[PDB]
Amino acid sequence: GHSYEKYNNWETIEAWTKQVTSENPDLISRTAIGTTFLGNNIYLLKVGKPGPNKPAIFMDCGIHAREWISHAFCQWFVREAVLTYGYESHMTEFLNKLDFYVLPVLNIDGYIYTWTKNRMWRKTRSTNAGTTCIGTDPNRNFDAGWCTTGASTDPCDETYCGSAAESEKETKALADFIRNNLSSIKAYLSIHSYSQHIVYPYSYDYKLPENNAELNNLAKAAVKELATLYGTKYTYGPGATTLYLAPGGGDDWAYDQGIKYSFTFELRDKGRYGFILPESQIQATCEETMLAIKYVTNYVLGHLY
């Protein structure tokens, strides 16, 4: 049984994507955009009222395996879209004027592995020449300052950059889709955990984006919004300046393709529970996070380009 208030295994998520599609065929369609290293189909949900020449927002969750609240947040947002379309002003406006490409789990092989073998797995589950060490960090795998400081050339390491930018079938699939749909995609959002942080470019070097100011004011305002449900406290900023150098990120790759609004959400908590966030925090984290998401999507709508 699927539940939006529990963490579901991959078999549960896969069946849910087939089902939420067939049950809401006018709001949602589903493609496979690639296959994983282990041959799993990477489903993508095109969410929105079918209409011609629509701009789009891309979102991904599940890039990293152990960050379970993130996978639960993609399903939640799809949940909000289906339940509140026709019932809430803003959501409704958003689905008529925009399509949402929601990739609920990028790193499907890593996720299965956190359910079967190791709860604290992050990377993919591809093999590496010369070692029996497994996995590439997808969010060091993108062609954007690829494999510079903050990424590791060691395969045994948790930030390993891969053998080439886009070496992971999963990264390649997600970058191929986005190049294939570049002229419609107006924003890029990537959901992660933990640390209650909203980051924007750049993470691959210490530099600030052309619209730093606008992204500063926009991150300030979504943190502020998010903070109005339960008063949860989020910090924000440019990635290199806020967290650490983290090159080969999808957020930077997308921005350098000309997707001007690009954000990484690092959800609950600050460390009490970490990656192992009680299922009893799903509902609240997603609800407070949805307010930040819609807040960004309403900005974008007002600032098309």
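One-based numbering along the sequence shown.
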task: Identify the stretch, either 41 to 49 or 250 to 258, whose C-alpha atoms have the larger mean B-factor according to the entry.
output: 41 to 49
message: Highest mean C-alpha temperature factor of the two stretches 226 to 234 and 201 to 209, which is it?
response: 226 to 234
message: Among 134, 78, 103, 98, where is the Cα B factor highest in this entry?
response: 98
task: Tell me which of 180, 84, 126, 107 tops the list for C-alpha B factor in the record.
output: 180
- prompt: Lowest, middle or highest third of the chain for the C-alpha temperature factor of residue 148?
  reply: highest
field: Chain-wide C-alpha B factor ranking for residue 220, given as lowest, middle or highest third
entry: highest
task: Would you check the entry's CA temperature factor for residue 119 and let me know if it's in the chain's lowest, middle or highest third?
output: middle
field: Third of the chain, ranked by Cα B-factor, where residue 20 sits
entry: highest
message: Quick check for you: using the entry's CA B-factors within this chain, is residue 141 in the lowest, middle or highest third?
response: lowest
